[PDB]
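See below for the structure under consideration.
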Amino acid sequence: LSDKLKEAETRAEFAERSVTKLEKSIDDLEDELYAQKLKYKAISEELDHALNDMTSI
Amino acid sequence: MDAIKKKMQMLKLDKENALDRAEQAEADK
């Protein structure tokens with residue numbers, strides 16, 4: 001049990017690092033997604049804005 | 001953009017039309 005525990009605890013803590021690494025990567029991907037969404041938004045809106053202003057001519 | 005292309009032409013037309021009016025009117029006046 002000490003060995004199985006060391007493995008369960010080691011695997012748990014390691015896997016917990018995989019949890020925090022995947023989680024961190026998810027947050028970073030979300031910050032990137034957000035930034036991407038923000039740029040998308042900003043561009044579509046900048047164009048739609050400018051286009052509305054410039055529909056005419 | 002259709003709005004820009006057309007309305008730019010409309011402003012060009014205000015010039016072209018105003019100019020034709022200016023020229024004809026001035027030719028007589």
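We label chains A, B, ... in the order they appear in the structure tokens, count residues from 1 in each chain, and number ligands from 1 in the order shown.
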_as a list in words, could you give me every residue of chain A near chain B (at most 9 Å apart, counting only C-alpha atoms)?_
residues 51, 52, 54, 55, 56 and 57 of chain A
*In Å, rounded to a single decimal, give me how far CA of residue 32 (chain A) is from CA of residue 15 (chain A).*
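Spanning CA of residue 15 (chain A) to CA of residue 32 (chain A) is a straight-line distance of 24.5 Å.
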